[PDB]
Each structure stands twice: as structure tokens, then as C-alpha cells.
Amino acid sequence: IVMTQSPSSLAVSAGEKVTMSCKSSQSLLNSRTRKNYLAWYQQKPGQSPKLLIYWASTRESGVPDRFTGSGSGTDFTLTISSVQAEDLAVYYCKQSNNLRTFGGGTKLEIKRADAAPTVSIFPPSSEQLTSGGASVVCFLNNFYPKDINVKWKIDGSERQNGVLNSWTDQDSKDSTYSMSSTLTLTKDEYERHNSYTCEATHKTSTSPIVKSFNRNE
Amino acid sequence: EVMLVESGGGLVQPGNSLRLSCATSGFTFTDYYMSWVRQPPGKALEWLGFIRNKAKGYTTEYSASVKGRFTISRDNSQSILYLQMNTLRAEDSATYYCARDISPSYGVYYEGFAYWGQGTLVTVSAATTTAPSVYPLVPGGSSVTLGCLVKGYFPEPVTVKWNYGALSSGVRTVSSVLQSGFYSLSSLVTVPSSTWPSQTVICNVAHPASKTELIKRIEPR
Ligand SMILES: C=CCO[C@@]1(C(=O)O)O[C@H]([C@H](O)CO)[C@H](O)[C@H](O)[C@@H]1O
Ligand SMILES: [Mg+2]
């Protein structure tokens, strides 16, 4: 049996209703038990999946009213009446009428009001420098939306090589993102220059947020 | 209290084999079918197979994708489930979960995986197991943001805790990045300036594949 889910992902604002679909290539209705063998699981980032709905429409112990499973045969749906911040997760349907098969999942994301990042810059530690490396980190905290740009400048000149960027998952409490931008040099590279600057550009303003430091301080 | 705990994860060379274990307690083991599920990083869950309960004769079934390559068995005296993996390739790199399946022959029967283990990460690579280096992130107002930069480890994953788990609010941990065969990430925490440096802030960085934990106390410049 092939399971297919839709959409692959979607974003809604808190308080809004959401509908996700799950289709199977064969009927999941067991004629003997007269039940649809389809389950919905919730998997939050970094966590194991958690059973929400079984037999297509029955809610597992502890799961809130807000989650409703429906459908029969080959077409199934998971409805969330009012999505909240804790709902950030991928939702998987799973047939168990013939062995078991998981759908491809639907990622639920949250839309929220735009928010500017708080920007911090961190010079390299002495223990890294001692080992001959110099990582400079620009941290952008609690912003939205996700897309954001960091420009690095050394002694006033832009620097593109040696930079790595990485985002957090959407925050389960306030729906914001954070990201780090790391410029990695050798100790010698680092000690050849003085001024280190990172500029954060985000839709929350025309002007970039600029943070800097001087190696000789 | 139902418990499922997977072990045996880590780095394995391509072509080699690996046995996973899943220790259980808090229920009558022999009453339940037991399933294995895996999940490649950033991908969907995939059911691999199950072994049935005692009433059904502990018979095994598997998905097409792993038929003839993955094998399942159970020690009914110790209540331990196993997954035997053979001829592993990079595509098999994934988190492997065990899950309690149905008990249709005694007690409460409903179709679903009521309990799951925490999962164990297997990565199939010809590379080298290397513990991370941990560096403090400290500034050059009413709040201060600190953290640890974790670099040069392999394979995944690492977990970062603050003050041995006692500092949990305002924690941000960015996803790992792979560059030149090594992983790195950074974890940061924001606390009131009245708490640091006047009080202790420490990050604990655990790297399961090397059985290593590193501590880094955050000190002022
Ligand atoms: C006591 C019946 C067990 O029946 C099993 C089984 O073992 O094979 O089969 C059931 C099918 O619906 C039968 O058509 C379910 O898949 C069930 O989960 C289980 O896999
Ligand atoms: Mg068979």
C-alpha cells in the first residue's frame, strides 16, 4: 500500500484552522473489525513521533479537542480547529491494514508578526586561538520571517569565504527564528587584521543592524 | 511506566553490519507486536518491519525496501527487541526507533504505536569518529547572551545542555552544518546580567558516538 500526504508543508497564523490530507492506494477499512486502520502521528523537532489519532477518528489519551481525524476507505484528513505555538511539527499518517506504511508527512509552520533580530558578535576564545584557529560568530536572535542576510567586513572590506550560516527550528514558544553566521579563519589570518564587522539585513528595516569589535581590545 | 530504549547506534563503515537493541519494561513484552521505524535526516518516517506477539508465534514481516537485508528478533526472557542490519550503505544513515505495536490477543487492542523509543542515530560512512572541540562564546545591559561553539565532530549528533539541564529558558541551538567532513553547531543562552558572571554558567556537550561529554564553564574575558 502506498501512502501519500498533502501538502508537503504549509504556514498559518495562530488561531487559524488547518486541514491536512492523506491518501492510500488501497482501502484501509478492515471488513472484520469494521474500522479504518489509519493513524496520525505528531513529530516535533528533535523528538520521537507521538500518536494523536487512531482508527481514522479516535483521539489518543491526552490529545486536545482541537485535533480531529476523519475519512474512510482511501481518503483521510487531519483537522486542527485552531493551531497554536506548540503545534510546530511534521504530521504523518500511517496505514496498518496491511503491515504498516507511513505517508511522506506534512510540516506545519506558523506565521506571526514580523520581528527584528537582536544581534551579537563574539570574538574567538583563547582556547581556540591557542590551537591555531579563529572563529568569529555573529548571532541573530528571535527574528521573523526566516530569510535574513549577514555581511561580514574585515578592516572595512567585505569577506565571503570561510562563512557558514545555520538557522534554528521555529521556536515552539514564540514562533521566531534565530541563526548564527560563523567566519572561520586561521589564527594568523585573524591577527593580520583589526576591525571585525557583521551586518544583519532583514525586512524589519532598510538599514542593516551593525555589530563590530576590534581585535586589539 | 512504559520504557523503550534503543542502543547500538553510531558510525559504521559501508558494507559492514550492525545490530540494534531495544530494551523494554513497564508492560507484558510478549503480549505485543514490536516494530522498527527509521528516519533519514530531514526525511519521512519509514516502517521497516515487525515481529508478532507470542499468541501469533513471534512471526516476522518486513517492508520491501529492506527485505533480505534487515532482520528482527526478540529476547522474550529479557524483554529486548533486536534489529539486525546487513550490508549497510550511506542510504541507511538514519535515526532508528523501536515502537510498541498492537496487542490484539490480550487486553486493550487498538491500531497504533502507543510508545516509541528516543531513537538511535546510525551513520554509514568510511570516515573517522572524532569527538568535538567546545569553545566559549562570550561578548567582547540588563541581559547577556552567551554560548558554546561546537566544531570538528563526526558523526552526528551532539546534544548541548546548560547548567546540567537546570538552565533551559532562552536557549537557542542552531542546526548542524557539514563542511570538509566535519560537523559544527552553536548553542546560545540569554540570561539576566545579574546572573553572570556573578554566578556559574556551563554548557555540557555530549557526543554519543565517541562516548564523550565535554564541559565548558563560561568565563569573562
Ligand atoms: C490479531 C490480528 C493481527 O492482524 C494483523 C497481522 O498480524 O497480520 O493483520 C491485520 C490486517 O488488517 C489483516 O487483514 C492488521 O494489519 C494488524 O495490525 C496485524 O498486522
Ligand atoms: Mg510472511
# chains A, B, ... in the order shown; residues from 1 in each chain; ligands from 1
call {"tool": "select_by_dssp", "arguments": {"residues": "stretch 25-151 of chain B", "states": "helix (DSSP H, G or I)", "output": "list in words"}}
result
residues 29, 30, 31, 54, 55, 56, 90, 91 and 92 of chain B
call {"tool": "write_last_selection", "arguments": {"atoms": "N, CA and C atoms", "output": "compact mmCIF listing (two decimals), in the first residue's frame"}}
result
# COMPACT_ATOMS: atom_id res chain seq x y z
N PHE B 29 5.83 -7.70 27.73
CA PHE B 29 6.52 -7.75 26.44
C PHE B 29 5.88 -8.72 25.43
N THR B 30 5.65 -9.95 25.85
CA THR B 30 5.18 -11.00 24.94
C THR B 30 3.76 -10.78 24.41
N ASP B 31 3.01 -9.86 25.01
CA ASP B 31 1.66 -9.55 24.52
C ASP B 31 1.67 -8.68 23.27
N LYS B 54 3.50 -13.45 21.13
CA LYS B 54 3.53 -14.88 21.42
C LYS B 54 2.31 -15.61 20.86
N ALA B 55 1.13 -15.01 21.00
CA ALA B 55 -0.09 -15.67 20.54
C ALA B 55 -0.01 -15.97 19.04
N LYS B 56 0.74 -15.15 18.30
CA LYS B 56 0.86 -15.31 16.85
C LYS B 56 2.12 -16.06 16.42
N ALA B 90 25.26 4.18 2.66
CA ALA B 90 25.02 5.54 3.11
C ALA B 90 23.53 5.85 3.20
N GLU B 91 22.75 5.29 2.28
CA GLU B 91 21.30 5.48 2.28
C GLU B 91 20.64 4.96 3.56
N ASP B 92 21.31 4.06 4.27
CA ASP B 92 20.77 3.54 5.52
C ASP B 92 21.03 4.47 6.70
call {"tool": "closest_atom_pairs", "arguments": {"of": "chain B", "to": "ligand 1", "cutoff": "10 Å", "atoms": "only C-alpha atoms and all ligand atoms", "output": "JSON lines"}}
result
{"residue": "B:33", "atom": "CA", "partner": "ligand 1", "partner_atom_place_in_ligand_line": "7 (O)", "distance": 8.2}
{"residue": "B:50", "atom": "CA", "partner": "ligand 1", "partner_atom_place_in_ligand_line": "20 (O)", "distance": 8.6}
{"residue": "B:51", "atom": "CA", "partner": "ligand 1", "partner_atom_place_in_ligand_line": "7 (O)", "distance": 8.9}
{"residue": "B:52", "atom": "CA", "partner": "ligand 1", "partner_atom_place_in_ligand_line": "7 (O)", "distance": 6.5}
{"residue": "B:53", "atom": "CA", "partner": "ligand 1", "partner_atom_place_in_ligand_line": "7 (O)", "distance": 8.7}
{"residue": "B:55", "atom": "CA", "partner": "ligand 1", "partner_atom_place_in_ligand_line": "1 (C)", "distance": 8.9}
{"residue": "B:56", "atom": "CA", "partner": "ligand 1", "partner_atom_place_in_ligand_line": "7 (O)", "distance": 7.3}
{"residue": "B:58", "atom": "CA", "partner": "ligand 1", "partner_atom_place_in_ligand_line": "7 (O)", "distance": 9.8}
{"residue": "B:59", "atom": "CA", "partner": "ligand 1", "partner_atom_place_in_ligand_line": "7 (O)", "distance": 8.6}
{"residue": "B:60", "atom": "CA", "partner": "ligand 1", "partner_atom_place_in_ligand_line": "7 (O)", "distance": 9.3}
{"residue": "B:61", "atom": "CA", "partner": "ligand 1", "partner_atom_place_in_ligand_line": "8 (O)", "distance": 8.6}
{"residue": "B:101", "atom": "CA", "partner": "ligand 1", "partner_atom_place_in_ligand_line": "18 (O)", "distance": 8.1}
{"residue": "B:102", "atom": "CA", "partner": "ligand 1", "partner_atom_place_in_ligand_line": "18 (O)", "distance": 6.5}
{"residue": "B:103", "atom": "CA", "partner": "ligand 1", "partner_atom_place_in_ligand_line": "1 (C)", "distance": 7.7}
{"residue": "B:104", "atom": "CA", "partner": "ligand 1", "partner_atom_place_in_ligand_line": "1 (C)", "distance": 4.7}
{"residue": "B:105", "atom": "CA", "partner": "ligand 1", "partner_atom_place_in_ligand_line": "1 (C)", "distance": 6.3}
{"residue": "B:106", "atom": "CA", "partner": "ligand 1", "partner_atom_place_in_ligand_line": "1 (C)", "distance": 9.8}
{"residue": "B:109", "atom": "CA", "partner": "ligand 1", "partner_atom_place_in_ligand_line": "1 (C)", "distance": 9.0}
{"residue": "B:110", "atom": "CA", "partner": "ligand 1", "partner_atom_place_in_ligand_line": "18 (O)", "distance": 8.8}
{"residue": "B:111", "atom": "CA", "partner": "ligand 1", "partner_atom_place_in_ligand_line": "18 (O)", "distance": 6.3}
{"residue": "B:112", "atom": "CA", "partner": "ligand 1", "partner_atom_place_in_ligand_line": "18 (O)", "distance": 8.4}
call {"tool": "write_last_selection", "arguments": {"atoms": "N, CA and C atoms", "output": "PDB file, in the first residue's frame"}}
result
ATOM      1  N   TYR B  33       3.125  -7.050  19.535  1.00  0.00           N
ATOM      2  CA  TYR B  33       3.933  -6.930  18.331  1.00  0.00           C
ATOM      3  C   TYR B  33       4.909  -5.807  18.615  1.00  0.00           C
ATOM      4  N   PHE B  50       8.026  -5.757  11.506  1.00  0.00           N
ATOM      5  CA  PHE B  50       7.681  -6.086  12.883  1.00  0.00           C
ATOM      6  C   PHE B  50       7.891  -7.557  13.213  1.00  0.00           C
ATOM      7  N   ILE B  51       7.813  -7.863  14.500  1.00  0.00           N
ATOM      8  CA  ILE B  51       7.726  -9.237  14.964  1.00  0.00           C
ATOM      9  C   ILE B  51       6.464  -9.349  15.812  1.00  0.00           C
ATOM     10  N   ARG B  52       5.677 -10.388  15.560  1.00  0.00           N
ATOM     11  CA  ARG B  52       4.374 -10.530  16.201  1.00  0.00           C
ATOM     12  C   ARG B  52       4.501 -11.004  17.646  1.00  0.00           C
ATOM     13  N   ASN B  53       3.375 -11.029  18.357  1.00  0.00           N
ATOM     14  CA  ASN B  53       3.372 -11.463  19.750  1.00  0.00           C
ATOM     15  C   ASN B  53       3.425 -12.984  19.888  1.00  0.00           C
ATOM     16  N   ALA B  55       1.129 -15.014  21.005  1.00  0.00           N
ATOM     17  CA  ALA B  55      -0.085 -15.668  20.537  1.00  0.00           C
ATOM     18  C   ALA B  55      -0.012 -15.966  19.037  1.00  0.00           C
ATOM     19  N   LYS B  56       0.743 -15.150  18.303  1.00  0.00           N
ATOM     20  CA  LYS B  56       0.858 -15.305  16.850  1.00  0.00           C
ATOM     21  C   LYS B  56       2.116 -16.061  16.422  1.00  0.00           C
ATOM     22  N   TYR B  58       5.377 -15.227  17.217  1.00  0.00           N
ATOM     23  CA  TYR B  58       6.554 -14.383  17.034  1.00  0.00           C
ATOM     24  C   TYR B  58       7.042 -14.366  15.581  1.00  0.00           C
ATOM     25  N   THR B  59       6.113 -14.387  14.633  1.00  0.00           N
ATOM     26  CA  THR B  59       6.482 -14.355  13.223  1.00  0.00           C
ATOM     27  C   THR B  59       6.908 -12.952  12.787  1.00  0.00           C
ATOM     28  N   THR B  60       7.791 -12.894  11.795  1.00  0.00           N
ATOM     29  CA  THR B  60       8.348 -11.631  11.321  1.00  0.00           C
ATOM     30  C   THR B  60       7.796 -11.228   9.959  1.00  0.00           C
ATOM     31  N   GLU B  61       7.722  -9.919   9.726  1.00  0.00           N
ATOM     32  CA  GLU B  61       7.407  -9.366   8.408  1.00  0.00           C
ATOM     33  C   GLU B  61       8.257  -8.115   8.176  1.00  0.00           C
ATOM     34  N   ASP B 101       3.938  -2.035  19.214  1.00  0.00           N
ATOM     35  CA  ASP B 101       2.869  -2.174  18.231  1.00  0.00           C
ATOM     36  C   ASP B 101       1.624  -2.732  18.940  1.00  0.00           C
ATOM     37  N   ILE B 102       0.768  -3.432  18.205  1.00  0.00           N
ATOM     38  CA  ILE B 102      -0.520  -3.884  18.746  1.00  0.00           C
ATOM     39  C   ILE B 102      -0.441  -5.099  19.673  1.00  0.00           C
ATOM     40  N   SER B 103      -1.396  -5.185  20.598  1.00  0.00           N
ATOM     41  CA  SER B 103      -1.618  -6.395  21.389  1.00  0.00           C
ATOM     42  C   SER B 103      -3.060  -6.842  21.189  1.00  0.00           C
ATOM     43  N   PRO B 104      -3.309  -7.588  20.104  1.00  0.00           N
ATOM     44  CA  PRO B 104      -4.663  -7.968  19.689  1.00  0.00           C
ATOM     45  C   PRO B 104      -5.187  -9.227  20.368  1.00  0.00           C
ATOM     46  N   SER B 105      -4.365  -9.853  21.201  1.00  0.00           N
ATOM     47  CA  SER B 105      -4.700 -11.166  21.743  1.00  0.00           C
ATOM     48  C   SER B 105      -5.021 -11.139  23.237  1.00  0.00           C
ATOM     49  N   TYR B 106      -4.640 -10.055  23.906  1.00  0.00           N
ATOM     50  CA  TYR B 106      -4.958  -9.881  25.319  1.00  0.00           C
ATOM     51  C   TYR B 106      -4.990  -8.407  25.700  1.00  0.00           C
ATOM     52  N   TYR B 109      -6.772  -3.493  22.846  1.00  0.00           N
ATOM     53  CA  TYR B 109      -6.320  -3.540  21.463  1.00  0.00           C
ATOM     54  C   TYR B 109      -6.813  -2.335  20.673  1.00  0.00           C
ATOM     55  N   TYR B 110      -5.873  -1.532  20.193  1.00  0.00           N
ATOM     56  CA  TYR B 110      -6.186  -0.522  19.193  1.00  0.00           C
ATOM     57  C   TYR B 110      -5.017  -0.372  18.236  1.00  0.00           C
ATOM     58  N   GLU B 111      -5.316   0.005  17.000  1.00  0.00           N
ATOM     59  CA  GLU B 111      -4.296   0.109  15.965  1.00  0.00           C
ATOM     60  C   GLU B 111      -3.500   1.409  16.068  1.00  0.00           C
ATOM     61  N   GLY B 112      -2.297   1.318  16.630  1.00  0.00           N
ATOM     62  CA  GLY B 112      -1.408   2.463  16.724  1.00  0.00           C
ATOM     63  C   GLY B 112      -0.145   2.141  17.506  1.00  0.00           C
TER      64      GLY B 112
END
call {"tool": "residues_around", "arguments": {"residues": "residue B:7", "least_positions_apart": "6", "cutoff": "7 Å", "atoms": "only C-alpha atoms", "output": "short mmCIF file (atom, residue, chain, number, x, y, z; two decimals) with N, CA and C atoms, in the first residue's frame"}}
result
data_model
loop_
_atom_site.label_atom_id
_atom_site.label_comp_id
_atom_site.auth_asym_id
_atom_site.auth_seq_id
_atom_site.Cartn_x
_atom_site.Cartn_y
_atom_site.Cartn_z
N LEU B 20 21.09 -3.57 16.32
CA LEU B 20 20.50 -2.62 17.24
C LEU B 20 19.71 -3.38 18.29
N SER B 21 19.62 -2.80 19.48
CA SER B 21 18.83 -3.38 20.55
C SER B 21 17.82 -2.36 21.06
N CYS B 22 16.74 -2.86 21.64
CA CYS B 22 15.67 -2.02 22.15
C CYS B 22 15.18 -2.61 23.46
N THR B 120 17.93 5.97 17.92
CA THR B 120 19.39 5.94 17.89
C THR B 120 19.91 6.22 16.48
#
call {"tool": "residues_around", "arguments": {"residues": "stretch 187-193 of chain B", "least_positions_apart": "5", "cutoff": "9 Å", "atoms": "only C-alpha atoms", "output": "list in words"}}
result
residues 139 of chain A; 137, 141, 142, 143, 144, 145, 146, 147, 148, 149, 150, 160, 161, 162, 167, 168, 169, 170, 171, 172, 173, 174, 198 and 203 of chain B
call {"tool": "write_last_selection", "arguments": {"atoms": "N, CA, C and O atoms", "output": "CSV table (one decimal), in the first residue's frame"}}
result
chain,number,residue,atom,x,y,z
A,139,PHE,N,25.6,36.3,16.0
A,139,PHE,CA,24.3,35.7,16.4
A,139,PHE,C,23.1,36.6,16.3
A,139,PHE,O,23.1,37.7,16.9
B,137,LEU,N,31.5,31.2,23.8
B,137,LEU,CA,31.1,32.4,23.1
B,137,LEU,C,30.8,33.4,24.1
B,137,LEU,O,29.7,33.4,24.8
B,141,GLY,N,23.9,45.4,29.0
B,141,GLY,CA,22.7,45.8,29.5
B,141,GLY,C,22.1,45.0,30.6
B,141,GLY,O,22.8,44.4,31.4
B,142,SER,N,20.8,44.8,30.6
B,142,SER,CA,20.1,44.0,31.7
B,142,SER,C,20.2,42.5,31.4
B,142,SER,O,19.9,41.7,32.2
B,143,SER,N,20.6,42.2,30.2
B,143,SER,CA,20.7,40.8,29.8
B,143,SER,C,22.0,40.5,29.0
B,143,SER,O,22.5,41.4,28.4
B,144,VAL,N,22.5,39.3,29.1
B,144,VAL,CA,23.7,38.9,28.4
B,144,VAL,C,23.4,37.6,27.7
B,144,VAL,O,22.8,36.7,28.2
B,145,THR,N,23.9,37.5,26.4
B,145,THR,CA,23.8,36.3,25.7
B,145,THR,C,25.2,35.6,25.6
B,145,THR,O,26.1,36.2,25.1
B,146,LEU,N,25.2,34.3,26.1
B,146,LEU,CA,26.4,33.5,26.0
B,146,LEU,C,26.2,32.3,25.2
B,146,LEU,O,25.1,32.0,24.7
B,147,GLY,N,27.2,31.5,25.0
B,147,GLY,CA,27.0,30.2,24.3
B,147,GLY,C,28.3,29.4,24.1
B,147,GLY,O,29.4,29.8,24.6
B,148,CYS,N,28.1,28.2,23.5
B,148,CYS,CA,29.3,27.4,23.1
B,148,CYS,C,29.3,27.1,21.6
B,148,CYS,O,28.3,26.7,21.0
B,149,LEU,N,30.5,27.2,21.0
B,149,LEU,CA,30.7,26.9,19.6
B,149,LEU,C,31.2,25.5,19.6
B,149,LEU,O,32.3,25.2,20.2
B,150,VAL,N,30.6,24.5,18.9
B,150,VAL,CA,31.0,23.1,18.9
B,150,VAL,C,31.4,22.8,17.4
B,150,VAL,O,30.7,22.9,16.5
B,160,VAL,N,23.5,19.6,23.5
B,160,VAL,CA,24.0,20.6,24.4
B,160,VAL,C,23.0,20.9,25.5
B,160,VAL,O,21.9,21.2,25.2
B,161,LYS,N,23.5,20.9,26.7
B,161,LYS,CA,22.6,21.3,27.8
B,161,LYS,C,23.4,22.4,28.6
B,161,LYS,O,24.6,22.5,28.5
B,162,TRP,N,22.6,23.2,29.3
B,162,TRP,CA,23.2,24.3,30.1
B,162,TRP,C,23.0,24.1,31.6
B,162,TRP,O,21.9,23.7,32.0
B,167,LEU,N,19.4,25.1,33.4
B,167,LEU,CA,19.2,26.3,32.6
B,167,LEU,C,18.6,25.9,31.3
B,167,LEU,O,19.3,25.5,30.4
B,168,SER,N,17.3,26.2,31.1
B,168,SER,CA,16.6,25.7,30.0
B,168,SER,C,15.8,26.9,29.2
B,168,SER,O,15.5,26.8,28.0
B,169,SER,N,15.6,28.0,29.9
B,169,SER,CA,14.9,29.1,29.3
B,169,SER,C,15.9,30.0,28.5
B,169,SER,O,17.0,30.2,28.9
B,170,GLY,N,15.4,30.5,27.3
B,170,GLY,CA,16.2,31.3,26.5
B,170,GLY,C,17.3,30.6,25.8
B,170,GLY,O,18.3,31.3,25.4
B,171,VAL,N,17.2,29.3,25.5
B,171,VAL,CA,18.2,28.5,24.9
B,171,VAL,C,17.9,28.4,23.4
B,171,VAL,O,16.8,28.1,23.0
B,172,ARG,N,18.9,28.7,22.5
B,172,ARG,CA,18.8,28.6,21.1
B,172,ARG,C,19.9,27.7,20.6
B,172,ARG,O,21.1,28.0,20.7
B,173,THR,N,19.6,26.6,19.9
B,173,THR,CA,20.6,25.7,19.3
B,173,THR,C,20.4,25.6,17.8
B,173,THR,O,19.4,25.0,17.3
B,174,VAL,N,21.3,26.2,17.0
B,174,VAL,CA,21.2,26.2,15.6
B,174,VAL,C,21.5,24.8,15.0
B,174,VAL,O,22.2,24.0,15.6
B,198,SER,N,28.4,36.8,37.9
B,198,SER,CA,28.2,36.6,39.4
B,198,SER,C,27.9,35.2,39.8
B,198,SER,O,28.1,34.8,40.9
B,203,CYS,N,28.1,24.9,29.8
B,203,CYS,CA,27.5,24.1,28.8
B,203,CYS,C,28.0,22.7,28.8
B,203,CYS,O,29.3,22.5,28.9
call {"tool": "interface_residues", "arguments": {"of": "chain B", "to": "chain A", "cutoff": "7 Å", "atoms": "only C-alpha atoms", "output": "list in words"}}
result
residues 44, 45, 46, 47, 111, 112, 113, 114, 116, 118, 135, 136, 137, 138, 139, 140, 172, 173, 174, 175 and 177 of chain B
call {"tool": "write_last_selection", "arguments": {"atoms": "C-alpha atoms", "output": "PDB file, in the first residue's frame"}}
result
ATOM      1  CA  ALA B  44       9.956  10.891   6.384  1.00  0.00           C
ATOM      2  CA  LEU B  45       9.446   8.016   8.798  1.00  0.00           C
ATOM      3  CA  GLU B  46       9.793   4.580   7.178  1.00  0.00           C
ATOM      4  CA  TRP B  47       8.371   1.369   8.634  1.00  0.00           C
ATOM      5  CA  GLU B 111      -4.296   0.109  15.965  1.00  0.00           C
ATOM      6  CA  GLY B 112      -1.408   2.463  16.724  1.00  0.00           C
ATOM      7  CA  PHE B 113       2.119   2.790  18.096  1.00  0.00           C
ATOM      8  CA  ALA B 114       1.378   3.921  21.640  1.00  0.00           C
ATOM      9  CA  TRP B 116       8.319   4.903  20.938  1.00  0.00           C
ATOM     10  CA  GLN B 118      14.080   8.004  21.877  1.00  0.00           C
ATOM     11  CA  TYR B 135      34.684  26.854  22.575  1.00  0.00           C
ATOM     12  CA  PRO B 136      33.017  29.547  24.705  1.00  0.00           C
ATOM     13  CA  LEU B 137      31.079  32.379  23.078  1.00  0.00           C
ATOM     14  CA  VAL B 138      31.460  35.470  25.264  1.00  0.00           C
ATOM     15  CA  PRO B 139      30.920  39.186  24.459  1.00  0.00           C
ATOM     16  CA  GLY B 140      33.918  41.391  23.621  1.00  0.00           C
ATOM     17  CA  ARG B 172      18.786  28.554  21.098  1.00  0.00           C
ATOM     18  CA  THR B 173      20.590  25.742  19.307  1.00  0.00           C
ATOM     19  CA  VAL B 174      21.193  26.153  15.579  1.00  0.00           C
ATOM     20  CA  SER B 175      21.134  23.173  13.213  1.00  0.00           C
ATOM     21  CA  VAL B 177      26.386  22.195   9.295  1.00  0.00           C
TER      22      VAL B 177
END
call {"tool": "atom_distance", "arguments": {"atom1": "atom CA of residue B:201", "atom2": "atom CA of residue B:164"}}
result
9.7 Å
call {"tool": "atom_distance", "arguments": {"atom1": "atom CA of residue B:17", "atom2": "atom CA of residue B:214"}}
result
29.6 Å
call {"tool": "select_by_dssp", "arguments": {"residues": "stretch 37-106 of chain A", "states": "strand (DSSP E)", "output": "PyMOL selection string"}}
result
chain A and resi 38-43+50-54+58-59+67-72+75-80+89-95+101-102+106
call {"tool": "write_last_selection", "arguments": {"atoms": "N, CA and C atoms", "output": "compact mmCIF listing (two decimals), in the first residue's frame"}}
result
# COMPACT_ATOMS: atom_id res chain seq x y z
N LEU A 38 -5.98 3.58 10.05
CA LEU A 38 -5.15 4.73 9.72
C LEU A 38 -4.89 5.57 10.96
N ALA A 39 -3.62 5.91 11.18
CA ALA A 39 -3.23 6.66 12.36
C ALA A 39 -2.50 7.94 11.98
N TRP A 40 -2.62 8.95 12.84
CA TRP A 40 -1.92 10.21 12.67
C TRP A 40 -0.91 10.39 13.80
N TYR A 41 0.33 10.71 13.44
CA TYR A 41 1.37 10.94 14.43
C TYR A 41 1.90 12.36 14.34
N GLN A 42 2.26 12.93 15.48
CA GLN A 42 2.87 14.24 15.53
C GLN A 42 4.34 14.09 15.92
N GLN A 43 5.23 14.69 15.15
CA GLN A 43 6.66 14.65 15.49
C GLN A 43 7.26 16.05 15.53
N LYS A 50 4.61 11.04 18.12
CA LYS A 50 3.61 10.81 19.14
C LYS A 50 2.24 10.57 18.50
N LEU A 51 1.59 9.49 18.90
CA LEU A 51 0.28 9.13 18.36
C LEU A 51 -0.80 10.14 18.76
N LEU A 52 -1.51 10.68 17.78
CA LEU A 52 -2.60 11.62 18.05
C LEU A 52 -3.97 10.98 17.81
N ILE A 53 -4.11 10.32 16.67
CA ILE A 53 -5.38 9.77 16.23
C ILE A 53 -5.19 8.33 15.73
N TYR A 54 -6.11 7.44 16.09
CA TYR A 54 -6.09 6.09 15.55
C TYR A 54 -7.48 5.67 15.08
N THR A 58 -10.44 8.34 16.15
CA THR A 58 -10.41 8.29 17.62
C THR A 58 -9.17 8.97 18.19
N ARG A 59 -9.37 9.83 19.18
CA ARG A 59 -8.28 10.60 19.78
C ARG A 59 -7.60 9.83 20.93
N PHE A 67 -7.75 18.58 17.79
CA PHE A 67 -7.35 17.63 16.75
C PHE A 67 -8.51 16.71 16.38
N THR A 68 -8.88 16.70 15.10
CA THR A 68 -9.93 15.80 14.63
C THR A 68 -9.50 15.02 13.40
N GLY A 69 -9.58 13.69 13.50
CA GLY A 69 -9.32 12.83 12.37
C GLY A 69 -10.63 12.44 11.70
N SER A 70 -10.63 12.36 10.37
CA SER A 70 -11.83 11.96 9.65
C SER A 70 -11.49 11.24 8.36
N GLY A 71 -12.50 10.64 7.74
CA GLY A 71 -12.35 9.97 6.47
C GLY A 71 -12.61 8.48 6.57
N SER A 72 -12.64 7.82 5.42
CA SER A 72 -12.91 6.40 5.37
C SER A 72 -12.48 5.85 4.01
N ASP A 75 -9.45 8.03 1.48
CA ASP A 75 -9.25 9.46 1.70
C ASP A 75 -9.41 9.82 3.18
N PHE A 76 -8.36 10.39 3.76
CA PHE A 76 -8.39 10.76 5.17
C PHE A 76 -7.90 12.18 5.40
N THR A 77 -8.32 12.76 6.52
CA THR A 77 -7.99 14.14 6.83
C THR A 77 -7.69 14.33 8.31
N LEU A 78 -6.71 15.17 8.59
CA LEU A 78 -6.47 15.63 9.95
C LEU A 78 -6.75 17.12 10.00
N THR A 79 -7.70 17.52 10.85
CA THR A 79 -8.05 18.92 11.00
C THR A 79 -7.57 19.42 12.35
N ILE A 80 -6.96 20.60 12.37
CA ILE A 80 -6.67 21.29 13.62
C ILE A 80 -7.55 22.54 13.66
N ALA A 89 5.47 21.13 13.97
CA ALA A 89 5.77 19.71 13.84
C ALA A 89 5.49 19.18 12.44
N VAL A 90 5.99 17.98 12.17
CA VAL A 90 5.61 17.25 10.97
C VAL A 90 4.56 16.21 11.36
N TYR A 91 3.48 16.15 10.58
CA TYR A 91 2.38 15.22 10.86
C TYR A 91 2.39 14.08 9.85
N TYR A 92 2.44 12.85 10.35
CA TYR A 92 2.48 11.68 9.48
C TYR A 92 1.23 10.82 9.63
N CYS A 93 0.66 10.41 8.51
CA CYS A 93 -0.38 9.39 8.57
C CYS A 93 0.27 8.03 8.37
N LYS A 94 -0.40 6.98 8.84
CA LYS A 94 0.17 5.64 8.80
C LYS A 94 -0.93 4.59 8.70
N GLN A 95 -0.93 3.83 7.61
CA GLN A 95 -1.87 2.72 7.45
C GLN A 95 -1.33 1.50 8.18
N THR A 101 2.52 1.34 6.70
CA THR A 101 3.18 2.29 5.81
C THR A 101 2.92 3.73 6.23
N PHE A 102 3.99 4.52 6.32
CA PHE A 102 3.88 5.93 6.65
C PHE A 102 3.76 6.78 5.39
N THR A 106 3.39 16.05 6.56
CA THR A 106 3.07 17.45 6.33
C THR A 106 3.71 18.28 7.43
call {"tool": "closest_residue", "arguments": {"among": "B:67, B:19, B:43, B:211", "to": "ligand 2", "atoms": "only C-alpha atoms and all ligand atoms"}}
result
B:67
call {"tool": "residues_around", "arguments": {"residues": "residue B:215", "least_positions_apart": "4", "cutoff": "7 Å", "atoms": "only C-alpha atoms", "output": "VMD selection string"}}
result
chain B and resid 202 to 205
